[PDB]
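Reviewing the structure listed below.
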Amino acid sequence: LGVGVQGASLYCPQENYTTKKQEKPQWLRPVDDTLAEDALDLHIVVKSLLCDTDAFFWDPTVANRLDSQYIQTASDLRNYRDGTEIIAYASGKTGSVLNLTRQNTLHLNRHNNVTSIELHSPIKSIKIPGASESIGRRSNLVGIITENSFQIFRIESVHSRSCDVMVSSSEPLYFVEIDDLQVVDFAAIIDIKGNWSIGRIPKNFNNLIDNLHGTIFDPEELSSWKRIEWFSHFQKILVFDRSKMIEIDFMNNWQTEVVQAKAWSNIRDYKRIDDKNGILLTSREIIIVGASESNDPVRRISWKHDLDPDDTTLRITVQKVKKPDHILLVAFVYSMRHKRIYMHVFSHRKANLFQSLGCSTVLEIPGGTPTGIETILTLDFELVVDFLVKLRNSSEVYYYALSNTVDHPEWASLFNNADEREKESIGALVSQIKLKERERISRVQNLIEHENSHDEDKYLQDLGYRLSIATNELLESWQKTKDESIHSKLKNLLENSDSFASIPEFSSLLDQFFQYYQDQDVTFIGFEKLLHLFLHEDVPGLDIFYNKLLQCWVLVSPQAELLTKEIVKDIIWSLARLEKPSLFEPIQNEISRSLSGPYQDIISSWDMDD
Amino acid sequence: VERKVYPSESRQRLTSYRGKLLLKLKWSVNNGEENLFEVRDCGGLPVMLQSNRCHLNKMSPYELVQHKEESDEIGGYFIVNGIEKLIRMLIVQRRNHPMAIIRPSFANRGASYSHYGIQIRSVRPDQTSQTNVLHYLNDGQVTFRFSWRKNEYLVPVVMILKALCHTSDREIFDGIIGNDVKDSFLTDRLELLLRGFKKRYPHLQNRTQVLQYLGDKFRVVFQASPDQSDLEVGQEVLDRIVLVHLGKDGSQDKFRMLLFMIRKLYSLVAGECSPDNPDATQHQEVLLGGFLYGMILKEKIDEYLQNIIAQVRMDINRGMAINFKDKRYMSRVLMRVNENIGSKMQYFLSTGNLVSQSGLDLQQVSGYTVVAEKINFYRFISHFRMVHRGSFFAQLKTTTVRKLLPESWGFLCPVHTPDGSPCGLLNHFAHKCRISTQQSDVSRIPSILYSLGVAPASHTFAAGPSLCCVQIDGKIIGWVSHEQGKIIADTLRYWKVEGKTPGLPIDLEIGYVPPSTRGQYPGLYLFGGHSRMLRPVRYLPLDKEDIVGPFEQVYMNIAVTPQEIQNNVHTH
Amino acid sequence: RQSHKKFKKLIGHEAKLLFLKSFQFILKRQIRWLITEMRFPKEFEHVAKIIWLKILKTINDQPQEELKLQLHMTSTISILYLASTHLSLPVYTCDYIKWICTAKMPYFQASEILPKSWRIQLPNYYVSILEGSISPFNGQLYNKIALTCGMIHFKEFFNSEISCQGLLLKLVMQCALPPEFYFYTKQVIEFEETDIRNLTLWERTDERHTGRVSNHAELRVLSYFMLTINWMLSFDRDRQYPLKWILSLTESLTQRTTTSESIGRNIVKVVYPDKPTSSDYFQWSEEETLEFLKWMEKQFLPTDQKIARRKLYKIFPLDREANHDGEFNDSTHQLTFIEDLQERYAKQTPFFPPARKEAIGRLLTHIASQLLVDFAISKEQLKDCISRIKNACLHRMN
Amino acid sequence: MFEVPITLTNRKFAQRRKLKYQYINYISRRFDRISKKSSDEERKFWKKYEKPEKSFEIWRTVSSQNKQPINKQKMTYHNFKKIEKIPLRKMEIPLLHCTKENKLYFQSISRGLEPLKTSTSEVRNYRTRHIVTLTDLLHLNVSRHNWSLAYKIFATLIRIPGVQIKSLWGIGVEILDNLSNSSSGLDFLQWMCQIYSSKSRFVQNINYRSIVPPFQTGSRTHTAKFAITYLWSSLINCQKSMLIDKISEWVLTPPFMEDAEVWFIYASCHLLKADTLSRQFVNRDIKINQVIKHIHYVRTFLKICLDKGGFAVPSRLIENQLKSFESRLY
Amino acid sequence: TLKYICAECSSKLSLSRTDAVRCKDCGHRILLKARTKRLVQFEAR
DNA sequence: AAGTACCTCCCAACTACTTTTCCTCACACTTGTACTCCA
DNA sequence: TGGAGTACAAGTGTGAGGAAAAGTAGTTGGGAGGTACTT
């Protein structure tokens, strides 16, 4: 029995410490600090597949739309077929119609006689309660929620040779009181907006709300979030919301306000673990493993944990693992906004003294946010476990198993159109490009031939000739009319400027022409230090500026050279800004704004104070 | 935020080295069916250096340089706004021992009042002083005396003796009549004390009825509450005044001491007991600094309760808020009452004035604290070793209170006292005079006296100087012969200095008074309590280090050098 | 007592000149740095004053009473933008929308450390304009550009030169492709234009509406790569790009590297939550994160009860408490930009249809949304960017 | 994704949550006259409850005197459509000068439809935008068992101006789990309870933003969770010291008598002190009068918490350990 | 330069006007003045 | 004057709803300019 | 081919909201205590 408690609750939030000490000096660590020692633990998914199938808000009343849990039929009681695993998942246009054997993976059945049963009022609840663990046999029926009524199934008469699962259904009573019923759980037990009820579910398949009941309505529960269970089988119910706990024995008259939590929590699930004593809560940033009292089993508030993240859509599932000295408990909080899980490792003991070990996280498929996840409880330190998946904008039911040791719709319906009117138009435009890709495939080849050659030694001083005369036109273009107070084109040659093949010369001929004007009226700019923003790195020289463009596309270019050559020379006549006048054209424009701009506008144009 | 202040810092600031006084209250109401607990602030009071509560307590000399003090820091004083002050120790009468004073200053009180009397000073276990004088009358009617706040009250003794335990008058009578019928000075003086009271109060027969009258006349000067009946006032008088060594659960045992303060008194007016001299270092003890400081701090939170009630008495002048399960109305009171006990305690340590609206049991209200000067290191160490005889005795120019006395051997230095006006009133302790501070355990010792030849107190019905009354701390428990306690004063000494039972302390003084012709009253007197003077001696058989008070040493033969040890005389 | 107290939210007209005083001194801080590390020459600084001298007249031509000077923090981006498209620089606004998410030049939080004297005399309703309020989102940088070249004639007086040979060439090196794509897009831009060559930028003088023609000169070049990325491997009998090459074509490029441009690309995903896979920060490694946590060490230079937090500095040192990775560790061991090109070309070494058109569509998912983060627009404003490029070429060839 | 340490107000969101809680203020005064007969507009809602001061929720144990019979008056269509007819007739008057989504925000929450839109994830402030991404990264390698990096995220987190009280102290386990050249972690919670050493009363009435009380303020009736953590941090670190007579003196100073556990951890400072010292190397009067004290201390330090409030102990074998410590001496 | 001495942490910090009389490396109150190079003369008797 | 009357002497927890008024665009009205079954 | 009817080129019109620090201001912690009241 534990020593460090309070009685209102029992604390162990994330990663700080615990507050207790048994003090057992018998050579075996005389202290029970909850942050215990173990080896490291990491969960690895096992990718597999199981089966197939407003804008700024998301509703709370949608909870489950798929289920697979070990539930047994009626006819396997005299036969020793010990428990069955059947399927039921929503399908349809908007998901209204409803339709296995664990061999090595988790997959659909082998002779696919699923009954796609027609439901004309759609799906927002696919869930079974199961039964209790100490009764002797399983339950054999499931009641779900439709948008108009309240249906009842029955798991009778499944066989093996055909792998067929049929149900016998009871006719649903509609909303006599037109309020949306929230969650059904058995443990016609319902939760409508306002009230609850208990019903004796029938016992035939061919052909009642009891005469004492009550309400649950709260004005200051702003959501329509509700969820219901029962408490410990002895005529006691639990009705939840985002707000409080409603514990009613319908024979007695006793209402109990334990969880007074409209202040700073938002309850987003309530889950009854299969051991009927320890029942878990996973509301807002809280993880409670509050147990049962042995004197009066009505509630014990036990070991609880905080939940650090700030998500509002956290579902939970909890799978027990019966190991010969401790009892395992986990917590899968999965998001319809993101991918993250957040779990714990508990070890339930006999004398109600139980610890935790740590927290761990796994992620999911990047495309889609998980909308439905259930464990596989398997017939009931190598932390192996498994669970099914279902995601939002992902209707593909995969399988995963945590062992220890995507294109968007805004693309597909637009590109590659079905136009026969313009099928060959772009179809000729892929042969229009090659009509000029290969027009310009052999003019460079004659420059692959002539490398610093004599009939382009013709060109190289003519390249100096026709780029020395047509500079003083633009240096005497604005000498007559310098008073502008109210450019650099450099396309003065017109041959092609593209029939000469030399990297170390044409850079050092333009740079040879820069020093030719060591006088005024022109400002030239450079290339070894201006032009670096393609390479993301230093350029000491233009020989190795081009060489990182030459040691990058060796194989992928056509023979590494011919497309690479007219890359940089193209940029030379694309960075052809070399003909701005000298400093006396900007500065006397800077004084017409400083002086026609009045005495307010001196300090308005003022740098140079720090 | 709350940082750690060191007394190096309070010397620079010239502020007082204060510690904040927590004081939680129990505002209960309506037969205690609602209960309020308010830990409220009461200002900072200064705190002694190297106490528990100073930071320098478990602190290295190496670390006293780390926090800037002398490496051999004395401590044990107050810093009151920079001036280093301390509470002077004073010499008061020994606790819980009925002295046998003679005094000419009783004849001022009226006609027929004698000059003799019995004086006792029963301290409370929380160090509170209380004197219960017991006079003698020529008329025979012995009048008890006490003081409650500032006044002096007189009652007949049998009124107390009827009130202590449920006695018939012959149970009172034969209670005093232990033996010695044939003495005509017992059996005649005792008559008028009984004959007068039957004549003075014929309508007060039993103890339930005598408390109807005793709590009646002392009701309003005790300021008791109207829910308390006249007996419950009178029982509280019997639990607040008379012989407060026990208080409650000792109303049988408080009877047996007033049978001893009369049989002493009748053995004085005949002169079979010579009167004790209070100056003689044998009936006087030390009033320490903190034990004084723990009385005035009790007094100032008695002047704090009565001001909260005085504020509610200022609220009966309105019909403002008769709201006594109200949370905020209590805050409405105490945000108006002077709860500053800060400069009420520091004011005691600044001027020296002992202010009290109630009043202690001491007689002067000044000179309780001085300036610990630092003119060298001899002067500063001798403040802590000084003790003053008492500020009243400067009036009496009879030099008996000023003379060197032989019982100061080893307790008070014969040399070290100043000249001039307080030459004799200002004598210091000795090199080895160590003072008991805590008390000792007495849950084991009476089980040892009964194991020796001591008959218990209730079964015996005997008295007189001719027997030996065994006492512990002013609790009469036994009766033996004079040759019996003459052996017990050797038998308890062997059983003490050896390792027998941890119930026997070593600070315990065994004041066996041997019988003598018309000398001190014979008896075997044990004291183990607070505030005694003790020094180490060497006990000769079973040779260990022994501890001896100034009341044992009046009747021992302690040799000086072992060259000078004689035979059959020196035990120490 | 009022002689000690000043700077009390009361400055009438000088405060309206305070943002006309502070926002050239911080401009002085920005382009002086661009010469220091971004290597732009002396002709990058001399240009950028007369640009600021006729933006004062843009307000001064409006009357003084109720003037409401319309400026933003993107004003010093847009007057830097005029020092780009007139200067014939190979730069593109990827290299300014991302290097403020690395915040290399002092753009974000330009009030905190930059002025050092002109904070305290500010009214607190221009304070949302002087400092780093938000980031420009959904094309907000492309919308102050309409305020920039529009009221004064940046055309006619100067030249609007998106060097259109460059963004094609930049995207060649951004995603490790064979360089035939550099010339494949050449006869695609040159078939949807009247008077084919040398595109110009959209201006604005009358309206208040974002361009539903999407006439931004750079935004049109961005769409021009978006159909020729689809053509060469599905509209292709030539089958030159082979069938085993497809597997390491998309998913190799959709694989996290740690270059100085690709680590700094990740903070655009941090600042902008809008696009999908912007929350892909969970999948980092150690040295991918210590570079990010030493990217903090250039964030924190812009970005008496203080000695208590000095103890918090003292008990948490930023450098490691024993033997950090500064002194006795690697000199040259970082994978470079000329490596993640060449490694993938070493990975896509093979060189010599329904299972193809679906397997090219994976590449349409990556690089046509790799365009999305490198300029920080929305994919629904990608749809305004597409829907005027294909139908008009459908209208122009007929 | 995690619960963020940012103090940031918004125009359009602080309206719409006033516009949320003022919608309670008309649907609860209709229910006053439904469950009975059948100038700031938020502070009335918070005075309707009692603020917890213990944990995230205010609790009560169950089998107690907190009982009342259940209402059996069923709530239906004839009473639910009329609880929200009177607000939307009158609470629509702020809906015509607010923003265009304060209509949008408000109509949706009456009909389920919880927000996908959480406020501080698109806020793009570039300074509270760097905080959000670093907090997911902070817990990341902590939940992946790799302490070289998450230890070095934290120092960069606490140089950004705008971080708050929650992330300061609870995840200081990164010093607790360094351990090779560590800062020892215990001097961290010394300073954290230094400058935050307030004994202020729990104010209980502020409109609580940016914080939560029950982890990080020093209010009365339950002390600071940054205070009692320092004791449990140091005391097992005092058991690892093999400073017991130096640590029980640090409970000696503070007057935390507003609680129960702080005396029980003081009911073991002298328990374990009598573990080594109640052997005395015997196999001899000097520690007998030291052991025999150091159990009677525990005898009215375990009792003094039994005097205090809620702390349930197995009182059979806790005493049997204490009785047997003095049987060591015999 | 005129500076002073923090009595607590021994850190020489100066003091301008309209300032706290405090330390600023620790948080201490009582604060003492240092000396500088100043000519004082003495007889050697 | 005789002990109340009790009114205040009086700062300010963490921000509370204000708060300084500035600034980014949203979201479709207009009738040809286009591409077409009856006439 | 001359005349429609629904899809759609193309100009200018309405109001109406996110930025978040910036300093002031919402109740009870707060901050102390002898001066200020005519029944």
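As shown in the structure tokens, the chain order sets the letters A, B, ...; within each chain, residues go from 1, and ligands are also counted from 1 in the order they appear.
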Name all residues at most 12 Å from residue 472 in chain A (count only C-alpha atoms (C1' of nucleotides); drop same-chain ones fewer than 3 positions away) and give them as a PyMOL selection string.
chain A and resi 466-469+475-479+490+492+517+520-522+579+581
Write the residues of the preceding selection, restricted to N, CA, C and O atoms, as a PDB file, in the first residue's frame.
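File written: selection-v4.pdb
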ATOM      1  N   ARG A 466      34.864  45.965 -82.374  1.00  0.00           N
ATOM      2  CA  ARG A 466      33.466  46.380 -82.288  1.00  0.00           C
ATOM      3  C   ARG A 466      32.975  46.555 -80.856  1.00  0.00           C
ATOM      4  O   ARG A 466      31.793  46.857 -80.663  1.00  0.00           O
ATOM      5  N   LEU A 467      33.836  46.356 -79.859  1.00  0.00           N
ATOM      6  CA  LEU A 467      33.538  46.700 -78.476  1.00  0.00           C
ATOM      7  C   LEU A 467      34.490  47.757 -77.929  1.00  0.00           C
ATOM      8  O   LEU A 467      34.706  47.816 -76.714  1.00  0.00           O
ATOM      9  N   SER A 468      35.082  48.574 -78.801  1.00  0.00           N
ATOM     10  CA  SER A 468      35.852  49.750 -78.406  1.00  0.00           C
ATOM     11  C   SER A 468      35.345  51.038 -79.038  1.00  0.00           C
ATOM     12  O   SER A 468      35.582  52.120 -78.491  1.00  0.00           O
ATOM     13  N   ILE A 469      34.669  50.941 -80.184  1.00  0.00           N
ATOM     14  CA  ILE A 469      34.170  52.119 -80.886  1.00  0.00           C
ATOM     15  C   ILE A 469      32.850  52.587 -80.292  1.00  0.00           C
ATOM     16  O   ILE A 469      32.646  53.784 -80.059  1.00  0.00           O
ATOM     17  N   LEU A 475      29.132  57.551 -74.034  1.00  0.00           N
ATOM     18  CA  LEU A 475      29.793  58.469 -73.118  1.00  0.00           C
ATOM     19  C   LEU A 475      29.676  59.916 -73.554  1.00  0.00           C
ATOM     20  O   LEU A 475      29.929  60.820 -72.750  1.00  0.00           O
ATOM     21  N   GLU A 476      29.339  60.159 -74.814  1.00  0.00           N
ATOM     22  CA  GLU A 476      28.938  61.483 -75.256  1.00  0.00           C
ATOM     23  C   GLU A 476      27.445  61.558 -75.537  1.00  0.00           C
ATOM     24  O   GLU A 476      26.993  62.505 -76.187  1.00  0.00           O
ATOM     25  N   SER A 477      26.678  60.572 -75.067  1.00  0.00           N
ATOM     26  CA  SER A 477      25.228  60.626 -75.198  1.00  0.00           C
ATOM     27  C   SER A 477      24.611  61.602 -74.205  1.00  0.00           C
ATOM     28  O   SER A 477      23.611  62.260 -74.524  1.00  0.00           O
ATOM     29  N   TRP A 478      25.186  61.717 -73.005  1.00  0.00           N
ATOM     30  CA  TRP A 478      24.642  62.580 -71.968  1.00  0.00           C
ATOM     31  C   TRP A 478      25.588  63.693 -71.546  1.00  0.00           C
ATOM     32  O   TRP A 478      25.363  64.304 -70.497  1.00  0.00           O
ATOM     33  N   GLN A 479      26.647  63.962 -72.310  1.00  0.00           N
ATOM     34  CA  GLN A 479      27.539  65.068 -71.978  1.00  0.00           C
ATOM     35  C   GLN A 479      26.946  66.414 -72.380  1.00  0.00           C
ATOM     36  O   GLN A 479      27.167  67.418 -71.691  1.00  0.00           O
ATOM     37  N   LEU A 490      24.306  48.249 -73.325  1.00  0.00           N
ATOM     38  CA  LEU A 490      25.444  47.412 -73.732  1.00  0.00           C
ATOM     39  C   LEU A 490      24.989  46.242 -74.607  1.00  0.00           C
ATOM     40  O   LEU A 490      25.298  45.079 -74.346  1.00  0.00           O
ATOM     41  N   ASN A 492      25.572  46.861 -78.062  1.00  0.00           N
ATOM     42  CA  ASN A 492      26.017  47.651 -79.204  1.00  0.00           C
ATOM     43  C   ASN A 492      26.542  46.806 -80.359  1.00  0.00           C
ATOM     44  O   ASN A 492      26.499  47.266 -81.504  1.00  0.00           O
ATOM     45  N   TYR A 517      39.250  52.523 -69.510  1.00  0.00           N
ATOM     46  CA  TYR A 517      38.678  53.703 -68.871  1.00  0.00           C
ATOM     47  C   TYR A 517      39.123  53.738 -67.416  1.00  0.00           C
ATOM     48  O   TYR A 517      38.439  53.263 -66.507  1.00  0.00           O
ATOM     49  N   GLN A 520      36.798  59.199 -66.385  1.00  0.00           N
ATOM     50  CA  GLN A 520      35.463  59.377 -65.831  1.00  0.00           C
ATOM     51  C   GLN A 520      34.378  58.894 -66.791  1.00  0.00           C
ATOM     52  O   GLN A 520      34.632  58.205 -67.782  1.00  0.00           O
ATOM     53  N   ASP A 521      33.135  59.242 -66.442  1.00  0.00           N
ATOM     54  CA  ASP A 521      31.882  59.189 -67.199  1.00  0.00           C
ATOM     55  C   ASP A 521      31.358  57.762 -67.408  1.00  0.00           C
ATOM     56  O   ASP A 521      30.264  57.593 -67.956  1.00  0.00           O
ATOM     57  N   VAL A 522      32.060  56.735 -66.941  1.00  0.00           N
ATOM     58  CA  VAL A 522      31.546  55.370 -66.994  1.00  0.00           C
ATOM     59  C   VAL A 522      31.927  54.655 -65.702  1.00  0.00           C
ATOM     60  O   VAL A 522      32.998  54.899 -65.134  1.00  0.00           O
ATOM     61  N   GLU A 579      27.488  50.664 -67.917  1.00  0.00           N
ATOM     62  CA  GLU A 579      27.544  51.981 -68.538  1.00  0.00           C
ATOM     63  C   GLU A 579      26.700  52.992 -67.774  1.00  0.00           C
ATOM     64  O   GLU A 579      25.915  53.745 -68.355  1.00  0.00           O
ATOM     65  N   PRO A 581      26.952  56.550 -65.796  1.00  0.00           N
ATOM     66  CA  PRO A 581      27.915  57.652 -65.645  1.00  0.00           C
ATOM     67  C   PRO A 581      28.588  57.720 -64.283  1.00  0.00           C
ATOM     68  O   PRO A 581      28.240  56.979 -63.359  1.00  0.00           O
TER      69      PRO A 581
END
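Those residues that approach residue 35 in chain F to within 12 Å, counting only C-alpha atoms (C1' of nucleotides), are residues 33 of chain F; 5, 6, 7 and 8 of chain G; same-chain residues fewer than 2 positions away are not listed.
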Mind writing the picked residues with N, CA and C atoms (P, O5', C5', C4', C3', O3' and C1' of nucleotides) as a PDB file, in the first residue's frame?
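Heads up, here's the output in part.pdb:
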ATOM      1  P    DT F  33     -16.273  45.052 -76.267  1.00  0.00           P
ATOM      2  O5'  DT F  33     -15.541  43.636 -76.412  1.00  0.00           O
ATOM      3  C5'  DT F  33     -14.901  43.052 -75.288  1.00  0.00           C
ATOM      4  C4'  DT F  33     -14.761  41.547 -75.459  1.00  0.00           C
ATOM      5  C3'  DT F  33     -14.452  41.071 -76.891  1.00  0.00           C
ATOM      6  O3'  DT F  33     -13.343  40.161 -76.886  1.00  0.00           O
ATOM      7  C1'  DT F  33     -16.208  39.824 -75.975  1.00  0.00           C
TER       8       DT F  33
ATOM      9  P    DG G   5     -33.316  34.404 -76.752  1.00  0.00           P
ATOM     10  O5'  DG G   5     -32.187  33.639 -75.907  1.00  0.00           O
ATOM     11  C5'  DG G   5     -31.939  32.251 -76.139  1.00  0.00           C
ATOM     12  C4'  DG G   5     -30.762  31.750 -75.313  1.00  0.00           C
ATOM     13  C3'  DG G   5     -30.808  32.111 -73.825  1.00  0.00           C
ATOM     14  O3'  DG G   5     -30.623  30.941 -73.023  1.00  0.00           O
ATOM     15  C1'  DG G   5     -28.705  32.672 -74.755  1.00  0.00           C
ATOM     16  P    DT G   6     -30.871  30.987 -71.431  1.00  0.00           P
ATOM     17  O5'  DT G   6     -29.397  30.966 -70.813  1.00  0.00           O
ATOM     18  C5'  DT G   6     -28.734  29.727 -70.607  1.00  0.00           C
ATOM     19  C4'  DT G   6     -27.424  29.676 -71.373  1.00  0.00           C
ATOM     20  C3'  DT G   6     -26.182  29.540 -70.502  1.00  0.00           C
ATOM     21  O3'  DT G   6     -25.209  28.740 -71.158  1.00  0.00           O
ATOM     22  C1'  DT G   6     -26.091  31.583 -71.696  1.00  0.00           C
ATOM     23  P    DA G   7     -24.299  27.721 -70.312  1.00  0.00           P
ATOM     24  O5'  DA G   7     -23.182  28.657 -69.651  1.00  0.00           O
ATOM     25  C5'  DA G   7     -21.817  28.232 -69.599  1.00  0.00           C
ATOM     26  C4'  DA G   7     -20.942  29.166 -70.414  1.00  0.00           C
ATOM     27  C3'  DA G   7     -19.677  29.669 -69.709  1.00  0.00           C
ATOM     28  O3'  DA G   7     -18.605  29.783 -70.654  1.00  0.00           O
ATOM     29  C1'  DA G   7     -20.957  31.486 -70.390  1.00  0.00           C
ATOM     30  P    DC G   8     -17.102  30.110 -70.173  1.00  0.00           P
ATOM     31  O5'  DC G   8     -17.040  31.712 -70.105  1.00  0.00           O
ATOM     32  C5'  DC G   8     -16.954  32.481 -71.306  1.00  0.00           C
ATOM     33  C4'  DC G   8     -16.774  33.959 -70.992  1.00  0.00           C
ATOM     34  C3'  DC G   8     -15.615  34.296 -70.029  1.00  0.00           C
ATOM     35  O3'  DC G   8     -14.691  35.202 -70.655  1.00  0.00           O
ATOM     36  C1'  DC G   8     -17.577  35.489 -69.479  1.00  0.00           C
TER      37       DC G   8
END
What's around range 180-189 of chain D at 9 Å? Count only C-alpha atoms (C1' of nucleotides), leave out sequence neighbours fewer than 3 positions away in its own chain, and write the answer as a ChimeraX atom specification.
/C:312,315-316,321-322 /D:169,172-177,192-194,226-227,229-230,233-234,237
Within 10 Å of residue 10 in chain F, counting only C-alpha atoms (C1' of nucleotides), which residues qualify if same-chain residues fewer than 5 places away don't, as a ChimeraX atom specification?
/G:30-32
Kindly save the residues from that selection, with N, CA and C atoms (P, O5', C5', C4', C3', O3' and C1' of nucleotides) included, as a PDB file, in the first residue's frame.
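Below you can see again.pdb, which holds the result:
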ATOM      1  P    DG G  30       0.416  40.277  -1.656  1.00  0.00           P
ATOM      2  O5'  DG G  30       0.474  41.874  -1.502  1.00  0.00           O
ATOM      3  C5'  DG G  30       0.963  42.449  -0.293  1.00  0.00           C
ATOM      4  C4'  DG G  30       0.797  43.963  -0.276  1.00  0.00           C
ATOM      5  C3'  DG G  30       1.202  44.613   1.028  1.00  0.00           C
ATOM      6  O3'  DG G  30       2.655  44.787   1.085  1.00  0.00           O
ATOM      7  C1'  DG G  30      -0.884  45.497   0.301  1.00  0.00           C
ATOM      8  P    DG G  31       3.433  46.052   0.455  1.00  0.00           P
ATOM      9  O5'  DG G  31       3.286  47.181   1.570  1.00  0.00           O
ATOM     10  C5'  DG G  31       2.966  48.514   1.217  1.00  0.00           C
ATOM     11  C4'  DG G  31       2.728  49.329   2.471  1.00  0.00           C
ATOM     12  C3'  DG G  31       3.363  48.736   3.739  1.00  0.00           C
ATOM     13  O3'  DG G  31       4.088  49.739   4.445  1.00  0.00           O
ATOM     14  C1'  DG G  31       1.114  49.252   4.121  1.00  0.00           C
ATOM     15  P    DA G  32       5.604  49.469   4.903  1.00  0.00           P
ATOM     16  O5'  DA G  32       5.645  49.901   6.443  1.00  0.00           O
ATOM     17  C5'  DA G  32       4.581  49.553   7.319  1.00  0.00           C
ATOM     18  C4'  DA G  32       3.672  50.747   7.541  1.00  0.00           C
ATOM     19  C3'  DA G  32       3.212  50.958   8.963  1.00  0.00           C
ATOM     20  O3'  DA G  32       4.198  51.659   9.685  1.00  0.00           O
ATOM     21  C1'  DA G  32       1.394  51.236   7.455  1.00  0.00           C
TER      22       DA G  32
END
Excluding residue 30 in chain E and its own-chain neighbours fewer than 2 positions away, which residues fall within 12 Å of it when counting only C-alpha atoms (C1' of nucleotides)? Please give them as a ChimeraX atom specification.
/B:5,8-15 /E:4-10,20-23,26-28,32-33
Among range 198-299 of chain B, which residues does DSSP mark as strand (DSSP E) when it is run on the backbone? Keep the chain and numbering as in the structure and answer as a count of residues only.
4
When you look at residue 385 in chain C with a cut-off of 8 Å (counting only C-alpha atoms (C1' of nucleotides)), what residues show up, excluding the ones that are within fewer than 4 positions of it in the same chain? I need them as a PyMOL selection string.
chain C and resi 214+219-220+223+381+389
Limited to N, CA and C atoms, could you put the picked residues into a file as an mmCIF file, in the first residue's frame?
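Listing of result_19.cif after writing:
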data_model
loop_
_atom_site.group_PDB
_atom_site.id
_atom_site.type_symbol
_atom_site.label_atom_id
_atom_site.label_comp_id
_atom_site.auth_asym_id
_atom_site.auth_seq_id
_atom_site.Cartn_x
_atom_site.Cartn_y
_atom_site.Cartn_z
ATOM 1 N N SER C 214 -1.806 38.113 -62.569
ATOM 2 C CA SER C 214 -0.502 37.733 -62.009
ATOM 3 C C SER C 214 0.645 38.265 -62.869
ATOM 4 N N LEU C 219 6.939 36.336 -60.780
ATOM 5 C CA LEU C 219 5.918 35.312 -60.555
ATOM 6 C C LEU C 219 5.547 34.600 -61.850
ATOM 7 N N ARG C 220 5.600 35.311 -62.977
ATOM 8 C CA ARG C 220 5.384 34.664 -64.263
ATOM 9 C C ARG C 220 6.521 33.713 -64.616
ATOM 10 N N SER C 223 5.936 30.465 -62.782
ATOM 11 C CA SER C 223 4.971 29.564 -63.400
ATOM 12 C C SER C 223 5.527 28.934 -64.664
ATOM 13 N N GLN C 381 -2.749 30.660 -54.340
ATOM 14 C CA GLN C 381 -2.136 31.691 -55.170
ATOM 15 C C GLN C 381 -1.081 31.128 -56.112
ATOM 16 N N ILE C 389 -1.297 30.945 -67.772
ATOM 17 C CA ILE C 389 -0.084 30.582 -68.498
ATOM 18 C C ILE C 389 -0.406 29.494 -69.517
#
